[PDB]
There are 2 protein chains.
Amino acid sequence: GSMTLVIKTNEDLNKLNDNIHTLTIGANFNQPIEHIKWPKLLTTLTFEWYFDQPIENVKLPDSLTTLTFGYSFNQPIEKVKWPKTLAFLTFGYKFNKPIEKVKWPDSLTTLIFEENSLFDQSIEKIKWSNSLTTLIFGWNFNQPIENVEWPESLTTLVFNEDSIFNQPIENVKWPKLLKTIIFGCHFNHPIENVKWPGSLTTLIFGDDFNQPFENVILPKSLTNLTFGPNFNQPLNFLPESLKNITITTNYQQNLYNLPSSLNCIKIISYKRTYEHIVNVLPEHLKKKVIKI
Amino acid sequence: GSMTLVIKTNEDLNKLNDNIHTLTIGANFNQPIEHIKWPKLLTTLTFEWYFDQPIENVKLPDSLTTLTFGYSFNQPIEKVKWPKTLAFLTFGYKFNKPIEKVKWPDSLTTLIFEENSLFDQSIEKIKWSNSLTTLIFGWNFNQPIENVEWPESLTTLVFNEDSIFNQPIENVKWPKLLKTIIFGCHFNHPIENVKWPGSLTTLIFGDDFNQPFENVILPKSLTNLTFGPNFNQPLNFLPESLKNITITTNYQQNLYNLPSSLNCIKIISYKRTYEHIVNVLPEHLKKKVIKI
């Protein structure tokens, strides 16, 4: 007897019962759900492309460990009674609604936004789940984080490589267990007055990031450090416990004061810049340049 | 009244008559055509992929202005009686036969080889039609041209950007009205003693081209000059007529001597190399560097 179900038609609603632990909705159209009786032992629920219906007054089974929202979903969620055992939550492309007053279940460990998520709302007043370990943002998120109470359970914080996030972070208070921080394309802010968590092992910067490292100090635990095409600042005071570094061919600074023991140095070959040609040009012709 | 036909089968030959001005031999048709009576006012003829049959003993109508050969066509043509009004001839990929005794009709203006044409035969003894204006070579053509009798009607000479053509050209007799010369990837020979035509407006060089321009004089008619990635020679005596120039980011020379009256200086960015960061790296760490 079957325990998985994909309700494509309106006919398939007669097919759901309490033996269904895996459910999929919204394959072909925005199926309304306000008056559906959910299976008592539902473990996974996936909302497909077309689904967009309010949920603030829908009681999902507390059995639900995994919930995925689809392309079209965009509704307020600050009023929702989340399942008690929800651990994994994924949000779709079109969802952009305030969550600053949401009541997370303390069982949530992973929160992921879609790669190109429209999500751009303030989060400085949020109460994170005490079990949150992984938080992944999308393309369009750009809000300050200097006054966010990160839970001590947080180990991984990731922005999409094409994130437009660019805010000051010098007054951020990181948790003591945060292992991985990954910034995106647009982040370029001073980091001299940042106290990184002593448990930090992986730190990744993006394209636009180019800041000085003369008054910076990194944790003794740092082992993986990557840089972007625009980073052209000297590296003298890197921690001697560093293991892997990554830089680009746009880097034109001396590397005599780098730590030993580095088991990998990755250089990323990028398309070269133009200054070395424009500088050796006649002044009256520098305005006549086309950069391809 | 249909005046257009595509022949795919032996049966379709019965659809031939004198009303057909546009004829196409189907992709799968590979049959002898020595005994075909061709439409009297045939204007355009196209052979598709699989056609490979002798044509020396075929008399195509004199009204045929546009003629095209397909992928598989590879047959001797030096004995062919070409139409009195042929203007546009195209050869396919697999065509590779001598053309030095061809007897072109004086109406031929345009001769094109397919992009990857295997055509590689000497042409120094050829008699060009007095109306040839545009001649385009393919990939594999590499034969001397210094002793070629070019017709004074030739305006455009092009090698494919991937051409393996690499021969001396310092003794070539360029026609007076030649206006566009484009060289391919592999051309790399001195041009110090080349007498460029006084009507030349466009000259393009390819990737491998790296020859000095100290003792070079270009016409006061030249407007467009292009160089490739390997070009790293100083440019101190370009004509004051030049309007557009193209270079790459691999150009490590000063350009203070560029002409005024330039309207556009195109700089193409290429993938940078790694040595400029390795030669400034701690000696004991250079071993473990990984290049991507």
# chains A, B, ... in the order shown; residues from 1 in each chain; ligands from 1
>>> residues_around(residues="residue 91 of chain B", least_positions_apart="6", cutoff="7 Å", atoms="only C-alpha atoms", output="list in words")
residues 68, 69, 70, 112, 113 and 114 of chain B
>>> write_last_selection(atoms="N, CA, C and O atoms", output="PDB file, in the first residue's frame")
ATOM      1  N   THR B  68      26.262  26.182 -55.190  1.00  0.00           N
ATOM      2  CA  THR B  68      26.719  25.797 -53.836  1.00  0.00           C
ATOM      3  C   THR B  68      26.932  24.289 -53.787  1.00  0.00           C
ATOM      4  O   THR B  68      26.019  23.557 -54.166  1.00  0.00           O
ATOM      5  N   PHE B  69      28.074  23.858 -53.273  1.00  0.00           N
ATOM      6  CA  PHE B  69      28.394  22.433 -53.047  1.00  0.00           C
ATOM      7  C   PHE B  69      28.314  22.131 -51.552  1.00  0.00           C
ATOM      8  O   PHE B  69      28.535  23.036 -50.731  1.00  0.00           O
ATOM      9  N   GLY B  70      28.000  20.876 -51.223  1.00  0.00           N
ATOM     10  CA  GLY B  70      27.697  20.426 -49.854  1.00  0.00           C
ATOM     11  C   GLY B  70      28.900  19.793 -49.163  1.00  0.00           C
ATOM     12  O   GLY B  70      30.040  19.844 -49.696  1.00  0.00           O
ATOM     13  N   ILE B 112      33.772  31.373 -52.122  1.00  0.00           N
ATOM     14  CA  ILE B 112      33.799  31.104 -50.660  1.00  0.00           C
ATOM     15  C   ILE B 112      34.063  29.619 -50.455  1.00  0.00           C
ATOM     16  O   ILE B 112      33.384  28.804 -51.100  1.00  0.00           O
ATOM     17  N   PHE B 113      35.004  29.296 -49.573  1.00  0.00           N
ATOM     18  CA  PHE B 113      35.184  27.929 -49.039  1.00  0.00           C
ATOM     19  C   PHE B 113      34.516  27.838 -47.662  1.00  0.00           C
ATOM     20  O   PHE B 113      34.516  28.820 -46.899  1.00  0.00           O
ATOM     21  N   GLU B 114      33.950  26.674 -47.358  1.00  0.00           N
ATOM     22  CA  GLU B 114      33.293  26.387 -46.064  1.00  0.00           C
ATOM     23  C   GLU B 114      34.303  26.652 -44.946  1.00  0.00           C
ATOM     24  O   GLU B 114      35.516  26.640 -45.216  1.00  0.00           O
TER      25      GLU B 114
END
>>> residues_around(residues="residue 118 of chain B", least_positions_apart="4", cutoff="8 Å", atoms="only C-alpha atoms", output="PyMOL selection string")
chain B and resi 93-96+138-141
>>> closest_residue(among="A:287, A:81, A:37, A:271", to="chain B", atoms="only C-alpha atoms")
A:271
>>> interface_residues(of="chain A", to="chain B", cutoff="12 Å", atoms="only C-alpha atoms", output="VMD selection string")
chain A and resid 229 232 235 243 to 292
>>> atom_distance(atom1="atom CA of residue 14 of chain A", atom2="atom CA of residue 2 of chain A")
13.9 Å
>>> calpha_fit_rmsd(fixed="chain A", moving="chain B")
1.7 Å
>>> residues_around(residues="residue 43 of chain B", least_positions_apart="6", cutoff="6 Å", atoms="only C-alpha atoms", output="PyMOL selection string")
chain B and resi 21-22+63-65
>>> select_by_dssp(residues="segment 133-258 of chain A", states="strand (DSSP E or B)", output="VMD selection string")
chain A and resid 134 to 136 156 to 158 180 to 182 202 to 204 224 to 226 244 to 248
>>> write_last_selection(atoms="C-alpha atoms", output="PDB file, in the first residue's frame")
ATOM      1  CA  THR A 134      22.592  26.551   8.686  1.00  0.00           C
ATOM      2  CA  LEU A 135      21.171  29.806   7.190  1.00  0.00           C
ATOM      3  CA  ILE A 136      21.501  30.459   3.411  1.00  0.00           C
ATOM      4  CA  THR A 156      27.121  28.030   8.797  1.00  0.00           C
ATOM      5  CA  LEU A 157      26.072  31.457   7.369  1.00  0.00           C
ATOM      6  CA  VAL A 158      26.052  31.686   3.535  1.00  0.00           C
ATOM      7  CA  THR A 180      31.757  29.066   8.024  1.00  0.00           C
ATOM      8  CA  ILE A 181      31.024  32.625   6.764  1.00  0.00           C
ATOM      9  CA  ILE A 182      30.579  33.125   2.983  1.00  0.00           C
ATOM     10  CA  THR A 202      36.263  28.788   6.648  1.00  0.00           C
ATOM     11  CA  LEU A 203      36.027  32.483   5.585  1.00  0.00           C
ATOM     12  CA  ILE A 204      35.085  33.349   1.947  1.00  0.00           C
ATOM     13  CA  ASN A 224      40.255  27.970   4.571  1.00  0.00           C
ATOM     14  CA  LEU A 225      40.344  31.585   3.229  1.00  0.00           C
ATOM     15  CA  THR A 226      39.275  32.635  -0.324  1.00  0.00           C
ATOM     16  CA  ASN A 244      44.272  26.808   2.071  1.00  0.00           C
ATOM     17  CA  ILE A 245      44.228  30.314   0.478  1.00  0.00           C
ATOM     18  CA  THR A 246      42.566  31.419  -2.802  1.00  0.00           C
ATOM     19  CA  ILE A 247      43.412  34.632  -4.767  1.00  0.00           C
ATOM     20  CA  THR A 248      43.113  35.986  -8.348  1.00  0.00           C
TER      21      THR A 248
END
>>> closest_residue(among="A:177, A:185, A:41, A:200", to="residue 227 of chain A", atoms="only C-alpha atoms")
A:185
>>> closest_residue(among="B:147, B:90, B:57, B:74", to="residue 127 of chain B", atoms="only C-alpha atoms")
B:147
>>> atom_distance(atom1="atom CA of residue 234 of chain B", atom2="atom CA of residue 155 of chain B")
29.0 Å
>>> atom_distance(atom1="atom CA of residue 215 of chain B", atom2="atom CA of residue 175 of chain B")
21.8 Å
>>> residues_around(residues="residue 171 of chain A", least_positions_apart="3", cutoff="9 Å", atoms="only C-alpha atoms", output="number ranges by chain")
A: 145-147, 168, 193-195
>>> write_last_selection(atoms="N, CA, C and O atoms", output="PDB file, in the first residue's frame")
ATOM      1  N   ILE A 145      22.796  43.880   9.765  1.00  0.00           N
ATOM      2  CA  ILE A 145      22.795  42.692  10.666  1.00  0.00           C
ATOM      3  C   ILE A 145      23.577  43.002  11.946  1.00  0.00           C
ATOM      4  O   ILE A 145      23.721  42.086  12.772  1.00  0.00           O
ATOM      5  N   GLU A 146      24.039  44.241  12.129  1.00  0.00           N
ATOM      6  CA  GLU A 146      24.907  44.624  13.276  1.00  0.00           C
ATOM      7  C   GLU A 146      24.165  44.440  14.605  1.00  0.00           C
ATOM      8  O   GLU A 146      24.836  44.352  15.631  1.00  0.00           O
ATOM      9  N   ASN A 147      22.835  44.383  14.598  1.00  0.00           N
ATOM     10  CA  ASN A 147      22.036  44.260  15.845  1.00  0.00           C
ATOM     11  C   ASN A 147      21.144  43.021  15.757  1.00  0.00           C
ATOM     12  O   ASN A 147      19.964  43.118  16.113  1.00  0.00           O
ATOM     13  N   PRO A 168      27.776  47.419   6.784  1.00  0.00           N
ATOM     14  CA  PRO A 168      28.856  47.347   7.767  1.00  0.00           C
ATOM     15  C   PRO A 168      28.596  46.210   8.768  1.00  0.00           C
ATOM     16  O   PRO A 168      27.455  45.995   9.142  1.00  0.00           O
ATOM     17  N   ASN A 193      37.640  46.177  12.642  1.00  0.00           N
ATOM     18  CA  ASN A 193      37.053  46.195  14.010  1.00  0.00           C
ATOM     19  C   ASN A 193      36.051  45.050  14.166  1.00  0.00           C
ATOM     20  O   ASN A 193      35.062  45.236  14.892  1.00  0.00           O
ATOM     21  N   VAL A 194      36.311  43.901  13.547  1.00  0.00           N
ATOM     22  CA  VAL A 194      35.437  42.702  13.692  1.00  0.00           C
ATOM     23  C   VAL A 194      36.165  41.690  14.575  1.00  0.00           C
ATOM     24  O   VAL A 194      37.341  41.406  14.291  1.00  0.00           O
ATOM     25  N   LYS A 195      35.496  41.178  15.608  1.00  0.00           N
ATOM     26  CA  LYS A 195      36.016  40.047  16.420  1.00  0.00           C
ATOM     27  C   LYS A 195      35.365  38.763  15.891  1.00  0.00           C
ATOM     28  O   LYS A 195      34.201  38.473  16.241  1.00  0.00           O
TER      29      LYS A 195
END
>>> residues_around(residues="residue 174 of chain B", least_positions_apart="6", cutoff="7 Å", atoms="only C-alpha atoms", output="PyMOL selection string")
chain B and resi 150+196-197
